[PDB]
file model-v2.cif (mmCIF, C-alpha atoms)
data_entry
#
loop_
_atom_site.label_atom_id
_atom_site.label_comp_id
_atom_site.auth_asym_id
_atom_site.auth_seq_id
_atom_site.Cartn_x
_atom_site.Cartn_y
_atom_site.Cartn_z
CA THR A 3 40.92 167.82 18.65
CA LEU A 4 40.87 164.26 19.97
CA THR A 5 39.94 163.73 23.60
CA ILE A 6 42.21 161.90 26.03
CA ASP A 7 40.23 158.69 25.50
CA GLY A 8 40.77 158.82 21.74
CA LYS A 9 44.49 159.46 22.19
CA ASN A 10 44.71 156.48 24.54
CA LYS A 11 42.95 154.41 21.87
CA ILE A 12 45.47 155.57 19.27
CA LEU A 13 48.85 155.15 20.94
CA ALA A 14 48.09 151.57 22.01
CA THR A 15 48.54 150.35 18.43
CA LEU A 16 51.66 152.38 17.55
CA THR A 17 54.27 150.17 19.19
CA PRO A 18 57.92 150.66 18.18
CA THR A 19 60.48 147.95 18.90
CA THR A 20 63.94 149.17 17.79
CA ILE A 21 65.90 152.41 17.41
CA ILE A 22 68.75 153.33 15.05
CA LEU A 23 70.90 156.47 15.05
CA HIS A 24 72.15 158.32 11.97
CA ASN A 25 74.96 160.75 11.22
CA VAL A 26 72.54 162.63 8.93
CA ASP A 27 68.84 163.34 9.23
CA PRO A 28 66.84 160.19 8.32
CA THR A 29 63.50 162.02 8.01
CA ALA A 30 64.19 162.69 4.32
CA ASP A 31 65.17 159.04 3.83
CA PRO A 32 65.08 156.49 6.70
CA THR A 33 67.25 153.90 4.93
CA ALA A 34 70.73 155.39 4.43
CA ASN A 35 72.96 157.18 6.99
CA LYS A 36 72.74 154.28 9.47
CA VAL A 37 75.68 154.43 11.88
CA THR A 38 74.59 151.88 14.52
CA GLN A 39 72.83 148.52 14.54
CA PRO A 40 69.25 147.71 15.60
CA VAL A 41 68.86 148.02 19.37
CA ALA A 42 65.71 146.77 21.09
CA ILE A 43 63.59 149.25 23.04
CA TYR A 44 60.40 148.79 25.06
CA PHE A 45 57.54 151.13 25.92
CA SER A 46 54.80 151.26 28.54
CA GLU A 47 51.07 151.72 28.07
CA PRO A 48 49.70 155.05 26.81
CA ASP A 49 48.44 157.66 29.25
CA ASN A 50 47.35 161.24 28.61
CA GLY A 51 48.71 160.72 25.10
CA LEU A 52 52.18 159.68 26.28
CA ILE A 53 54.17 156.46 26.03
CA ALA A 54 57.52 156.34 27.82
CA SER A 55 60.43 153.94 27.48
CA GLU A 56 60.78 151.34 30.23
CA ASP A 57 64.60 151.37 30.25
CA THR A 58 67.31 153.77 29.06
CA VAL A 59 68.70 151.82 26.11
CA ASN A 60 72.48 151.78 25.60
CA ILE A 61 73.76 151.94 22.01
CA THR A 62 77.27 151.19 20.75
CA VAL A 63 78.92 153.26 18.02
CA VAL A 69 75.60 161.01 15.02
CA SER A 70 73.11 163.73 15.96
CA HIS A 71 69.99 161.92 14.70
CA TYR A 72 67.67 158.99 15.35
CA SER A 73 64.85 157.00 13.74
CA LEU A 74 62.35 154.70 15.43
CA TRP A 75 61.11 151.54 13.72
CA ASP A 76 58.23 149.15 14.28
CA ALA A 77 58.18 145.34 14.05
CA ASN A 78 57.71 145.34 10.25
CA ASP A 79 60.66 147.45 9.08
CA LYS A 80 58.61 150.67 8.72
CA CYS A 81 60.05 153.85 10.20
CA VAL A 82 57.61 155.67 12.47
CA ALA A 83 59.57 158.67 13.82
CA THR A 84 62.69 160.73 13.18
CA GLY A 85 64.55 163.71 14.58
CA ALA A 86 67.83 165.16 15.73
CA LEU A 87 69.63 164.24 18.94
CA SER A 88 70.85 166.52 21.73
CA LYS A 89 74.41 166.86 20.39
CA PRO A 90 76.47 165.63 17.42
CA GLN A 91 79.32 163.16 17.88
CA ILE A 98 79.06 155.07 23.06
CA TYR A 99 75.71 156.86 23.28
CA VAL A 100 73.26 156.52 26.17
CA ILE A 101 69.54 157.04 25.46
CA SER A 102 68.61 158.72 28.73
CA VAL A 104 62.35 159.08 25.69
CA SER A 105 58.62 159.28 24.94
CA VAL A 106 56.18 159.95 22.11
CA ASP A 107 53.61 162.72 22.53
CA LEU A 108 50.42 163.82 20.77
CA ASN A 109 50.52 167.33 22.25
CA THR B 3 57.78 163.89 15.06
CA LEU B 4 56.02 160.92 13.48
CA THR B 5 56.59 160.09 9.83
CA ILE B 6 53.74 159.75 7.35
CA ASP B 7 53.72 155.98 7.87
CA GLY B 8 53.15 156.39 11.61
CA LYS B 9 50.33 158.86 11.05
CA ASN B 10 48.68 156.53 8.53
CA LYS B 11 48.94 153.52 10.85
CA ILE B 12 47.61 155.58 13.76
CA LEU B 13 44.62 157.02 11.92
CA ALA B 14 43.51 153.64 10.54
CA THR B 15 42.37 152.68 14.05
CA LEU B 16 39.94 155.58 14.53
CA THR B 17 36.40 154.27 13.93
CA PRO B 18 33.91 157.05 14.73
CA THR B 19 30.58 155.48 13.82
CA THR B 20 28.15 158.25 14.83
CA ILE B 21 27.93 161.98 15.52
CA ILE B 22 25.83 163.99 17.98
CA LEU B 23 25.17 167.73 18.23
CA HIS B 24 25.27 169.70 21.48
CA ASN B 25 24.12 173.18 22.48
CA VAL B 26 26.47 173.34 25.46
CA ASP B 27 30.16 172.61 24.99
CA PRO B 28 30.58 168.80 25.24
CA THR B 29 34.37 168.90 25.74
CA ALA B 30 33.98 169.29 29.51
CA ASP B 31 31.05 166.82 29.65
CA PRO B 32 30.26 164.96 26.40
CA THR B 33 27.47 162.86 27.95
CA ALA B 34 24.89 165.62 28.55
CA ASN B 35 23.19 168.33 26.48
CA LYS B 36 22.05 166.11 23.59
CA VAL B 37 20.30 168.21 20.94
CA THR B 38 19.92 165.65 18.13
CA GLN B 39 19.91 161.86 18.02
CA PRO B 40 22.93 159.89 16.76
CA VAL B 41 23.47 159.91 13.00
CA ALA B 42 25.76 157.46 11.23
CA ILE B 43 28.89 158.82 9.55
CA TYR B 44 31.45 157.11 7.30
CA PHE B 45 35.19 157.75 7.04
CA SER B 46 37.71 157.07 4.28
CA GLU B 47 41.14 155.47 4.39
CA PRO B 48 44.01 157.55 5.81
CA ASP B 49 46.31 159.46 3.47
CA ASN B 50 49.16 161.79 4.39
CA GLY B 51 48.03 161.52 8.00
CA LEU B 52 44.47 162.73 7.41
CA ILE B 53 40.97 161.29 7.04
CA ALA B 54 37.63 162.78 6.02
CA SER B 55 34.03 161.63 5.85
CA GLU B 56 33.15 160.05 2.52
CA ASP B 57 29.68 161.58 2.11
CA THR B 58 27.39 164.31 3.39
CA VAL B 59 25.37 163.96 6.60
CA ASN B 60 21.86 165.29 7.27
CA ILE B 61 20.55 165.82 10.81
CA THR B 62 17.07 166.71 12.05
CA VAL B 63 17.27 169.49 14.65
CA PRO B 64 14.26 169.42 17.02
CA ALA B 65 11.88 172.30 17.59
CA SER B 66 13.11 175.58 19.07
CA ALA B 67 16.63 174.16 19.40
CA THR B 68 20.08 175.58 18.66
CA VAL B 69 23.32 173.81 17.75
CA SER B 70 26.78 174.90 18.87
CA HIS B 71 29.11 171.88 18.83
CA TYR B 72 29.42 168.19 17.97
CA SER B 73 30.93 164.99 19.34
CA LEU B 74 31.95 161.69 17.73
CA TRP B 75 31.11 158.30 19.23
CA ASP B 76 31.87 154.65 18.56
CA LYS B 80 32.45 155.82 23.84
CA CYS B 81 33.56 159.28 22.71
CA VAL B 82 36.74 160.08 20.78
CA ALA B 83 36.54 163.72 19.61
CA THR B 84 34.66 167.00 19.94
CA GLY B 85 34.62 170.33 18.16
CA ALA B 86 32.74 173.56 17.64
CA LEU B 87 30.58 174.16 14.58
CA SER B 88 31.68 176.85 12.15
CA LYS B 89 28.73 178.98 13.30
CA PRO B 90 25.78 178.45 15.66
CA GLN B 91 22.31 178.49 14.15
CA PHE B 92 18.85 178.87 15.64
CA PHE B 93 16.59 177.13 13.11
CA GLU B 96 12.98 173.33 12.96
CA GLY B 97 14.88 172.03 9.95
CA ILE B 98 17.75 170.01 8.49
CA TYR B 99 21.36 170.94 9.26
CA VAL B 100 23.82 169.93 6.54
CA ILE B 101 27.28 168.72 7.60
CA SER B 102 29.83 168.45 4.81
CA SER B 103 33.05 166.46 5.06
CA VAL B 104 34.52 166.40 8.57
CA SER B 105 38.29 165.92 8.68
CA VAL B 106 40.55 164.59 11.42
CA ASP B 107 44.21 165.53 11.10
CA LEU B 108 47.56 164.98 12.82
CA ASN B 109 49.38 167.77 10.96
CA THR C 114 78.35 140.71 44.16
CA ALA C 115 77.71 140.23 47.88
CA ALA C 121 72.38 131.42 50.19
CA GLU C 122 68.68 132.19 49.80
CA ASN C 123 69.33 135.94 49.62
CA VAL C 124 71.48 135.73 46.47
CA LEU C 125 68.79 133.70 44.71
CA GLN C 126 66.16 136.20 45.86
CA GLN C 127 68.30 139.04 44.50
CA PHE C 128 68.46 137.26 41.15
CA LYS C 129 64.71 136.61 41.21
CA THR C 130 63.91 140.26 41.92
CA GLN C 131 66.29 141.48 39.21
CA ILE C 132 64.75 139.07 36.71
CA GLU C 133 61.17 140.00 37.60
CA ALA C 134 62.02 143.71 37.36
CA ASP C 135 63.86 143.19 34.07
CA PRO C 136 62.23 145.10 31.18
CA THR C 137 62.09 142.00 28.95
CA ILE C 138 62.85 138.77 30.82
CA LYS C 139 60.09 139.28 33.40
CA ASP C 140 57.58 139.10 30.54
CA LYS C 141 58.70 135.70 29.24
CA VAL C 142 60.44 133.78 32.07
CA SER C 143 59.22 132.33 35.36
CA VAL C 144 61.30 131.95 38.53
CA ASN C 145 60.55 130.12 41.79
CA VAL C 146 62.75 129.88 44.87
CA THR C 147 62.71 127.85 48.08
CA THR C 154 67.39 126.47 45.34
CA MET C 155 65.95 128.22 42.29
CA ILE C 156 63.96 127.06 39.26
CA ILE C 157 63.40 128.65 35.84
CA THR C 158 60.87 127.60 33.20
CA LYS C 159 58.60 128.96 30.47
CA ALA C 160 56.35 131.97 30.88
CA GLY C 161 53.53 132.85 28.52
CA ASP C 162 54.16 132.08 24.87
CA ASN C 163 57.97 131.94 24.90
CA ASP C 164 59.27 128.65 23.52
CA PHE C 165 63.02 128.73 24.26
CA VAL C 166 65.05 129.54 27.38
CA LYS C 167 68.64 128.94 28.47
CA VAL C 168 70.72 129.57 31.59
CA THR C 169 74.51 129.65 31.80
#
call {"tool": "encode", "arguments": {"input": "model-v2.cif", "output": "C-alpha cells"}}
result
Amino acid sequence: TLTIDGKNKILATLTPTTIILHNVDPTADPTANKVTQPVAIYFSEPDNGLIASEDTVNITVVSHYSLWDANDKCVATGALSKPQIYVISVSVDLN
Amino acid sequence: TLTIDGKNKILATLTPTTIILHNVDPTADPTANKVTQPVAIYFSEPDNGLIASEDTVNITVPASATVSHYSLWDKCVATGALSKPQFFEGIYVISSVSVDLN
Amino acid sequence: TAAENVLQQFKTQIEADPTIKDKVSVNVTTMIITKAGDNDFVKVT
C-alpha cells in the first residue's frame, strides 16, 4: 500500500521510449507478432501515480500493443480498443 | 498491465531503510504518533514483482504503549496495519514484510 | 501557411514540440538555430 510519495518515486525511473503494435497478444511473448515498426513516444513526469503521453503518436501499418524501454526490454502489454493507419489517441497507472 | 520486467525494474528502486510503529493510523499523517524509535530493516532483490525483508526485526515497545500500524522511511514511502493490535513492556517480533505489485 | 510573425510561429511550434524543444535552441530578431543541452548534431532544410 505505497503512499503517493512512494509511487512518485517509482514511476520516475520507469521511462518507456517506443511502442509497437501486434496482431496477436504480445504478453505471452513480446518478440513475435510485430506488425509495425518502432515509433518513438514521450511521457511527462509522474503525478498521483500517473504518467501521461505528451503527444498522440501516429503509427503506420492489430488489436494489441507492447511498450518498450531504451534497452529492448518490454515493460507493458495489452489489447487495443478494436481489431483491424492507427492513431494512438495513453498513460500508465499504479491504481 | 506491466510485465514482470517492468515490476522488477520498478521495485529495485524502493529503498526503505527503517520502520516505525504507530498507535494512531499514520496513513493520514505519518509524521505524528510515534510509538517506537526507528529500527533498521533490510530488503532482498526483486523477483516476480515482489520483495521481502531478508531477516527478522525486533522492536522495543515503551511502557504502557500499544501498537496498531507501521510506516516505512528512507521521507515516507509506505504504511500498513499490523495483523493484530497488542497491549504489552516487551519486544514485538516482526517477521518478513513483503511489498507487492500483483 | 499564412516577416517576423512567420519566424515567431516557427519558434513557438519548435519550442512547443514534444522532442525538438528539448534539444534545439531558437532566437529571433531573422532566425537562428544552434545546439541545446547535450545534443551534438542538428540540421535545417
call {"tool": "closest_atom_pairs", "arguments": {"input": "model-v2.cif", "of": "chain C", "to": "chain A", "cutoff": "12 Å", "atoms": "only C-alpha atoms", "output": "JSON lines"}}
result
{"residue": "C:134", "atom": "CA", "partner": "A:56", "partner_atom": "CA", "distance": 10.5}
{"residue": "C:135", "atom": "CA", "partner": "A:57", "partner_atom": "CA", "distance": 9.1}
{"residue": "C:136", "atom": "CA", "partner": "A:56", "partner_atom": "CA", "distance": 6.5}
{"residue": "C:137", "atom": "CA", "partner": "A:44", "partner_atom": "CA", "distance": 8.0}
{"residue": "C:138", "atom": "CA", "partner": "A:44", "partner_atom": "CA", "distance": 11.8}
{"residue": "C:140", "atom": "CA", "partner": "A:44", "partner_atom": "CA", "distance": 11.5}
call {"tool": "closest_atom_pairs", "arguments": {"input": "model-v2.cif", "of": "chain B", "to": "chain A", "cutoff": "12 Å", "atoms": "all atoms listed in the file", "output": "CSV"}}
result
residue,atom,partner,partner_atom,distance
B:3,CA,A:83,CA,5.7
B:4,CA,A:83,CA,4.2
B:5,CA,A:83,CA,5.2
B:6,CA,A:82,CA,7.6
B:7,CA,A:82,CA,6.0
B:8,CA,A:82,CA,4.6
B:9,CA,A:82,CA,8.1
B:10,CA,A:82,CA,9.8
B:11,CA,A:16,CA,7.3
B:12,CA,A:12,CA,5.9
B:13,CA,A:12,CA,7.5
B:14,CA,A:12,CA,9.2
B:15,CA,A:12,CA,6.7
B:16,CA,A:12,CA,7.3
B:17,CA,A:8,CA,10.0
B:18,CA,A:8,CA,10.0
B:28,CA,A:5,CA,10.8
B:29,CA,A:5,CA,7.9
B:30,CA,A:5,CA,10.1
B:31,CA,A:5,CA,11.2
B:32,CA,A:5,CA,10.2
B:72,CA,A:3,CA,11.5
B:73,CA,A:4,CA,10.0
B:74,CA,A:4,CA,9.5
B:75,CA,A:8,CA,10.0
B:76,CA,A:8,CA,10.3
B:80,CA,A:7,CA,8.5
B:81,CA,A:7,CA,7.3
B:82,CA,A:8,CA,4.3
B:83,CA,A:4,CA,4.4
B:84,CA,A:3,CA,6.4
B:85,CA,A:3,CA,6.8
B:86,CA,A:3,CA,10.0
B:105,CA,A:3,CA,10.5
B:106,CA,A:3,CA,7.9
B:107,CA,A:3,CA,8.5
B:108,CA,A:108,CA,8.5
B:109,CA,A:108,CA,10.6
call {"tool": "write_last_selection", "arguments": {"input": "model-v2.cif", "atoms": "C-alpha atoms", "output": "PDB file, in the frame of the given file"}}
result
ATOM      1  CA  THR B   3      57.780 163.890  15.060  1.00  0.00           C
ATOM      2  CA  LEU B   4      56.020 160.920  13.480  1.00  0.00           C
ATOM      3  CA  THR B   5      56.590 160.090   9.830  1.00  0.00           C
ATOM      4  CA  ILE B   6      53.740 159.750   7.350  1.00  0.00           C
ATOM      5  CA  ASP B   7      53.720 155.980   7.870  1.00  0.00           C
ATOM      6  CA  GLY B   8      53.150 156.390  11.610  1.00  0.00           C
ATOM      7  CA  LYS B   9      50.330 158.860  11.050  1.00  0.00           C
ATOM      8  CA  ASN B  10      48.680 156.530   8.530  1.00  0.00           C
ATOM      9  CA  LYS B  11      48.940 153.520  10.850  1.00  0.00           C
ATOM     10  CA  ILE B  12      47.610 155.580  13.760  1.00  0.00           C
ATOM     11  CA  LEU B  13      44.620 157.020  11.920  1.00  0.00           C
ATOM     12  CA  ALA B  14      43.510 153.640  10.540  1.00  0.00           C
ATOM     13  CA  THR B  15      42.370 152.680  14.050  1.00  0.00           C
ATOM     14  CA  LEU B  16      39.940 155.580  14.530  1.00  0.00           C
ATOM     15  CA  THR B  17      36.400 154.270  13.930  1.00  0.00           C
ATOM     16  CA  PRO B  18      33.910 157.050  14.730  1.00  0.00           C
ATOM     17  CA  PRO B  28      30.580 168.800  25.240  1.00  0.00           C
ATOM     18  CA  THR B  29      34.370 168.900  25.740  1.00  0.00           C
ATOM     19  CA  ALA B  30      33.980 169.290  29.510  1.00  0.00           C
ATOM     20  CA  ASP B  31      31.050 166.820  29.650  1.00  0.00           C
ATOM     21  CA  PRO B  32      30.260 164.960  26.400  1.00  0.00           C
ATOM     22  CA  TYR B  72      29.420 168.190  17.970  1.00  0.00           C
ATOM     23  CA  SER B  73      30.930 164.990  19.340  1.00  0.00           C
ATOM     24  CA  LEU B  74      31.950 161.690  17.730  1.00  0.00           C
ATOM     25  CA  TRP B  75      31.110 158.300  19.230  1.00  0.00           C
ATOM     26  CA  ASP B  76      31.870 154.650  18.560  1.00  0.00           C
ATOM     27  CA  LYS B  80      32.450 155.820  23.840  1.00  0.00           C
ATOM     28  CA  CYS B  81      33.560 159.280  22.710  1.00  0.00           C
ATOM     29  CA  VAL B  82      36.740 160.080  20.780  1.00  0.00           C
ATOM     30  CA  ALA B  83      36.540 163.720  19.610  1.00  0.00           C
ATOM     31  CA  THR B  84      34.660 167.000  19.940  1.00  0.00           C
ATOM     32  CA  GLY B  85      34.620 170.330  18.160  1.00  0.00           C
ATOM     33  CA  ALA B  86      32.740 173.560  17.640  1.00  0.00           C
ATOM     34  CA  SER B 105      38.290 165.920   8.680  1.00  0.00           C
ATOM     35  CA  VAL B 106      40.550 164.590  11.420  1.00  0.00           C
ATOM     36  CA  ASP B 107      44.210 165.530  11.100  1.00  0.00           C
ATOM     37  CA  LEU B 108      47.560 164.980  12.820  1.00  0.00           C
ATOM     38  CA  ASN B 109      49.380 167.770  10.960  1.00  0.00           C
TER      39      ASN B 109
END
call {"tool": "resolve_selection", "arguments": {"input": "model-v2.cif", "expression": "the PyMOL selection byres ((chain B and resi 88-102) around 10)", "output": "compact mmCIF listing (two decimals) with C-alpha atoms, in the coordinates of the input"}}
result
# COMPACT_ATOMS: atom_id res chain seq x y z
CA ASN B 25 24.12 173.18 22.48
CA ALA B 54 37.63 162.78 6.02
CA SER B 55 34.03 161.63 5.85
CA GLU B 56 33.15 160.05 2.52
CA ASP B 57 29.68 161.58 2.11
CA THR B 58 27.39 164.31 3.39
CA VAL B 59 25.37 163.96 6.60
CA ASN B 60 21.86 165.29 7.27
CA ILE B 61 20.55 165.82 10.81
CA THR B 62 17.07 166.71 12.05
CA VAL B 63 17.27 169.49 14.65
CA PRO B 64 14.26 169.42 17.02
CA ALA B 65 11.88 172.30 17.59
CA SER B 66 13.11 175.58 19.07
CA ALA B 67 16.63 174.16 19.40
CA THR B 68 20.08 175.58 18.66
CA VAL B 69 23.32 173.81 17.75
CA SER B 70 26.78 174.90 18.87
CA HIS B 71 29.11 171.88 18.83
CA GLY B 85 34.62 170.33 18.16
CA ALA B 86 32.74 173.56 17.64
CA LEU B 87 30.58 174.16 14.58
CA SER B 103 33.05 166.46 5.06
CA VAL B 104 34.52 166.40 8.57
CA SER B 105 38.29 165.92 8.68
call {"tool": "atom_distance", "arguments": {"input": "model-v2.cif", "atom1": "CA of residue 27 in chain A", "atom2": "CA of residue 54 in chain A"}}
result
22.9 Å
call {"tool": "atom_distance", "arguments": {"input": "model-v2.cif", "atom1": "CA of residue 162 in chain C", "atom2": "CA of residue 51 in chain A"}}
result
29.2 Å
call {"tool": "resolve_selection", "arguments": {"input": "model-v2.cif", "expression": "the PyMOL selection byres ((chain A and resi 23) around 9)", "output": "count of residues only"}}
result
20
call {"tool": "atom_distance", "arguments": {"input": "model-v2.cif", "atom1": "CA of residue 101 in chain A", "atom2": "CA of residue 63 in chain A"}}
result
12.6 Å
call {"tool": "closest_residue", "arguments": {"input": "model-v2.cif", "among": "C:129, C:124, C:165, C:114", "to": "residue 143 in chain C", "atoms": "all atoms listed in the file"}}
result
C:129
call {"tool": "resolve_selection", "arguments": {"input": "model-v2.cif", "expression": "the PyMOL selection byres ((chain C and resi 157) around 12)", "output": "list in words"}}
result
residues 125, 128, 129, 132, 133, 138, 139, 141, 142, 143, 144, 145, 146, 154, 155, 156, 158, 159, 160, 165, 166, 167, 168 and 169 of chain C
call {"tool": "axis_aligned_box", "arguments": {"input": "model-v2.cif", "around": "range 75-99 of chain A", "padding_each_side": "8 Å", "output": "AutoDock Vina command-line options"}}
result
--center_x 68.5 --center_y 156.1 --center_z 16.0 --size_x 37.7 --size_y 37.5 --size_z 30.6
